[PDB]
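Note sheet for the following structure.
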Amino acid sequence: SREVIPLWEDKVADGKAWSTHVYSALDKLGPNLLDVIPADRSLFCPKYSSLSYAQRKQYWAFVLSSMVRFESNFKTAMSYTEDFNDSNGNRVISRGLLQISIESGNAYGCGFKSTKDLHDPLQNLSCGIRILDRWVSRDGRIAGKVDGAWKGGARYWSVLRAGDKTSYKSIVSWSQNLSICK
C-alpha cells in the first residue's frame with residue numbers, strides 16, 4: 001500500500017487510472033528525472049536522498065497533482081489564450097491538465113497529432129513527465145532562479161516560480177510536509 005496518494009484521486013472519477021498511468025509512464029519517460037538528487041531538496045523534500053525508487057515515483061505523482069490543482073483545478077477541457085505568439089503569429093493556447101501548448105510541447109517529443117490530444121488527460125500527464133525529465137536532469141534541481149535564470153520545472157510552469165502567491169506557497173508546503181519527506 002502506498003505512503004503518498006495524489007490529489008486527483010479525491011477530485012476526479014478516473015483519478016486512480018490517472019495514477020496507474022503516471023506510475024507506468026515514469027519508468028519509460030522519467031528515468032533521468034528519477035536518477036536526480038536535487039540541489040533544492042532542503043526546501044522541497046528534506047529526506048529525498050533516503051527515498052526508494054517506488055517512493056520517488058509516489059513523490060513525483062503527488063507533485064504533478066499539486067501542479068494540476070493550480071494550472072487547471074483538474075479540468076482536462078480547460079483552454080486559455082496567452083498574451084504571446086507562436087512561430088506563425090497566432091496567440092498561444094494553453095490546454096488541459098498542466099496547461100501545455102502544442103508547439104512548445106511537441107519540441108519535447110510529446111507527439112500531439114491535433115489540439116484534441118492535449119485534452120486527453122493521459123497524453124497531457126505524459127508530456128509533463130517529458131518536460132520535467134529534460135530540465136530537472138539538465139539543471140540538477142526542481143525549481144528556483146540561479147544567476148537570473150529559472151531552473152528545473154520553473155523553466156516551463158509559472159506555478160513553480162518562487163514568489164508571494166498561493167500556488168507556489170502551497171506546492172512547496174504540501175511537498176515538504178509529506179511523511180516520506182519530513
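In the C-alpha cells, each chain is lettered A, B, ... as it comes, each chain's residues begin at 1, and ligands are numbered from 1 in order of appearance.
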**Request:** Please return as a list in words: the residues of stretch 66-153 of chain A that backbone DSSP assigns to strand (DSSP E or B).
**Result:**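 The strand (DSSP E or B) subset of stretch 66-153 of chain A is residues 79, 80, 81, 82, 83, 84, 85, 91, 92, 93, 94, 95, 100, 145, 146, 149 and 150 of chain A.
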**Asked** Hey, what's within 9 Å of stretch 141-156 of chain A if we count only C-alpha atoms and toss same-chain stuff fewer than 4 positions away? As a VMD selection string, please?
**Response** chain A and resid 36 to 41 44 100 131 to 132 134 to 137 160 to 162
**Asked** Using only C-alpha atoms, which residues sit within 9 Å of residue A:122 once same-chain residues fewer than 4 positions away are excluded, as a ChimeraX atom specification?
**Response** /A:18,21-22,118,126-127
For the selection just defined, write its residues with N, CA, C and O atoms to a file, as a JSON list (two decimals), in the first residue's frame.
```
[["chain", "number", "residue", "atom", "x", "y", "z"],
["A", 18, "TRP", "N", -5.57, 7.63, -13.61],
["A", 18, "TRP", "CA", -4.51, 8.63, -13.88],
["A", 18, "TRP", "C", -3.22, 8.25, -13.13],
["A", 18, "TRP", "O", -2.11, 8.31, -13.69],
["A", 21, "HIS", "N", -1.47, 5.21, -14.73],
["A", 21, "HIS", "CA", -0.78, 5.67, -15.95],
["A", 21, "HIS", "C", 0.54, 6.38, -15.62],
["A", 21, "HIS", "O", 1.58, 6.11, -16.25],
["A", 22, "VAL", "N", 0.51, 7.30, -14.66],
["A", 22, "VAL", "CA", 1.69, 8.08, -14.30],
["A", 22, "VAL", "C", 2.78, 7.13, -13.77],
["A", 22, "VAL", "O", 3.98, 7.28, -14.12],
["A", 118, "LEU", "N", -4.22, 17.23, -26.61],
["A", 118, "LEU", "CA", -3.79, 17.91, -25.37],
["A", 118, "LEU", "C", -4.90, 17.85, -24.29],
["A", 118, "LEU", "O", -4.58, 17.96, -23.09],
["A", 126, "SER", "N", 1.69, 12.56, -19.54],
["A", 126, "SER", "CA", 2.95, 12.00, -20.12],
["A", 126, "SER", "C", 3.86, 13.13, -20.64],
["A", 126, "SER", "O", 5.11, 13.08, -20.44],
["A", 127, "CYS", "N", 3.28, 14.15, -21.29],
["A", 127, "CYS", "CA", 4.07, 15.31, -21.74],
["A", 127, "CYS", "C", 4.69, 16.05, -20.55],
["A", 127, "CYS", "O", 5.90, 16.44, -20.61]]
```
**Request:** Find the spatial neighbours of residue A:26, counting only C-alpha atoms, within a cut-off of 10 Å - ignore same-chain residues fewer than 5 positions away - and output them as a list in words.
**Result:**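 Returned residues: residues 21, 31, 32, 33, 34, 57, 60, 61, 126, 129, 130 and 133 of chain A.
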**Message:** as a PyMOL selection string, please: every residue in stretch 22-121 of chain A that DSSP puts in helix (DSSP H, G or I).
**Reply:** chain A and resi 22-29+33-35+41-44+48-50+53-72+102-106+115-119+121
**Request:** Extract, using only C-alpha atoms, all DNA, RNA and protein residues at most 8 Å from residue A:93, discarding same-chain residues fewer than 2 positions from it, and format them as a list in words.
**Result:**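 Surrounding residues, per the criterion: residues 79, 80, 81, 82, 91, 95 and 101 of chain A.
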**Request:** Can you work out which one of A:112, A:62, A:53, A:48 has the shortest atom-to-atom distance to residue A:8, counting only C-alpha atoms?
**Result:**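 Smallest distance to residue A:8 is found for A:62.
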**Request:** Please measure the separation of atom CA of residue A:74 and atom CA of residue A:5, giving the value in Å to one decimal.
**Result:**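 Atom CA of residue A:74 sits 15.3 Å away from atom CA of residue A:5.
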**Prompt:** Of the candidates A:111, A:128, A:104, A:94, which one gets nearest to residue A:25 if we count only C-alpha atoms?
**Reply:**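 Closest to residue A:25, using only C-alpha atoms: A:128.
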**Message:** Need the shell around residue A:119: protein/DNA/RNA residues with any atom at most 6 Å away, counting only C-alpha atoms. Skip same-chain ones fewer than 3 positions apart. Format as an MDAnalysis selection string?
**Reply:** chainID A and resid 76:77 96 116
Output file for the residues above (C-alpha atoms, as a PDB file, in the first residue's frame):
```
ATOM      1  CA  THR A  76      -8.953  18.403 -18.761  1.00  0.00           C
ATOM      2  CA  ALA A  77     -11.142  20.621 -21.079  1.00  0.00           C
ATOM      3  CA  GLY A  96      -5.530  20.549 -20.483  1.00  0.00           C
ATOM      4  CA  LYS A 116      -7.763  17.429 -29.172  1.00  0.00           C
TER       5      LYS A 116
END
```
If you count only C-alpha atoms, which residues fall within 9 Å of residue A:63, apart from same-chain ones fewer than 4 positions away, as a tab-separated table (two decimals) with C-alpha atoms, in the first residue's frame?
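Result file is part-v1.tsv:
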```
chain	number	residue	atom	x	y	z
A	6	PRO	CA	-2.07	12.04	-5.44
A	58	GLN	CA	4.89	8.32	-5.33
A	59	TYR	CA	6.55	11.75	-4.66
A	67	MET	CA	0.68	21.45	-10.28
A	68	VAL	CA	-2.63	20.27	-11.91
A	171	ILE	CA	3.04	23.41	-3.71
A	174	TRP	CA	2.41	20.31	0.69
A	175	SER	CA	5.65	18.74	-0.73
```
**Item:** Distance of atom CA of residue A:97 from atom CA of residue A:166, expressed in Å to one decimal place
**Value:** 18.3 Å
